[PDB]
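Asks: Below is one structure. I have some questions about it.
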Amino acid sequence: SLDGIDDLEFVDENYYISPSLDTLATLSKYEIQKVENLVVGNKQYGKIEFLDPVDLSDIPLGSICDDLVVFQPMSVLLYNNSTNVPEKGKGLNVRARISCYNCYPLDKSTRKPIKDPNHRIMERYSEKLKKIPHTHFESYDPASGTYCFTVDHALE
């Protein structure tokens, strides 16, 4: 896209959803209430993999990627533009595994990422990641910067 002024059409790069938006649009009211293995990701920054069935009824499908679910640098924002979220166990508010990419402690002077996987800061950063409220830490790889964890109810 945007190779030249002859074609100024642009679509989002980076976000993806599985099942596809086209598949999810075809589901009956019964099936859209129990979508399995829903995955919403951003190739550059992270993904969320819902581990229970999700009820997508009434949710405008085009709002899921990059509105309801947003991945930025070292940042997961869920329902950030929404005043309210559904009840625990309803809607997207169910069990999920979240992966965040290129998470590295930063040099406190330059705020550049410390990428040395053997730096003693690495273990301190994991230990602090384990403490994040409402998360269940699974793993952190100092070499890739991938941080993985689960949440019991994704929006709480």
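Asks: Where does the charge balance sit around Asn81 when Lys and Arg score +1, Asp and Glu -1, over other residues with C-beta under 12 Å from its C-beta?
Replies: Working: positive: none; negative: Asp66, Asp67.
Neighbourhood net charge equals -2.
Asks: Another question about this same structure. So if each residue of separation counts as 0.36 nm, and I subtract the Cα-Cα distance between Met74 and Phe137, what length gain in nm does that give?
Replies: On the way: separation 63, 0.36 × 63 = 22.68 nm, distance 1.54 nm.
Here the segment from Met74 to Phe137 would lengthen by 21.1 nm.
Asks: Taking only Cα atoms, what is the 0 to 90° angle, nearest 10, from helix 121-130's long axis to the longest principal axis of the chain?
Replies: 40
Asks: Quick check on the chain: of the DSSP beta bridges with both residues there, what percent are antiparallel, nearest 5%?
Replies: On the way: 30 of 31 bridges.
Looking only at bridges with both residues in the chain, the antiparallel portion is about 95 percent.
Asks: Can I ask one more? Hey, what does the equivalent ellipsoid look like for the range 27-129, semi-axes from the Cα gyration tensor as sqrt of 5 times each eigenvalue, largest first, whole Å?
Replies: Each semi-axis is √(5λ); the values are 33, 14, 12 Å.
Asks: Ranked highest first by average number of other Cβ atoms within 10 Å, how do 66-75, 3-12, 25-34 line up?
Replies: Values: 66-75: 16.9, 3-12: 7.0, 25-34: 11.7.
Per-residue Cβ counts within 10 Å, averaged per peptide and sorted highest first, yield 66-75, 25-34, 3-12.
Asks: Moving on to the next point. Note the full-extension length gain between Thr26 and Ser126 as 0.36 nm times their separation in residues minus their Cα-Cα distance, in nm to one decimal.
Replies: Numbers: separation 100, 0.36 × 100 = 36.00 nm, distance 4.21 nm.
Roughly 31.8 nm would be gained on extension.
Asks: Pick from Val85, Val54, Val40: which residue has the top mean-square fluctuation in a GNM of the chain where Cα pairs under 10 Å get a spring?
Replies: Taking springs between Cα atoms under 10 Å, the residue moving most is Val85.
Asks: Right, another one. Please tell me which of these pairs span more than 23 angstrom C-alpha to C-alpha: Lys34/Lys131; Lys47/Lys130; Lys43/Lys115; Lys47/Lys128; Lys88/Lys128; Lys47/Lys108? Mind showing how you got there, number by number?
Replies: On the way: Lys34/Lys131 32 Å; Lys47/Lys130 19 Å; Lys43/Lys115 20 Å; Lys47/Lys128 21 Å; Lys88/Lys128 26 Å; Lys47/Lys108 27 Å.
Among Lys34/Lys131; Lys47/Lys130; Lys43/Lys115; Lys47/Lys128; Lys88/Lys128; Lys47/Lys108, the Cα-Cα distance tops 23 Å for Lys34/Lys131; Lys88/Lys128; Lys47/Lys108.
Backbone-built Cβ (ideal geometry, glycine too); neighbour counts: all protein chains shown. Quick note: the coordinates plus some simple rules give every number you see, no bench work behind them.
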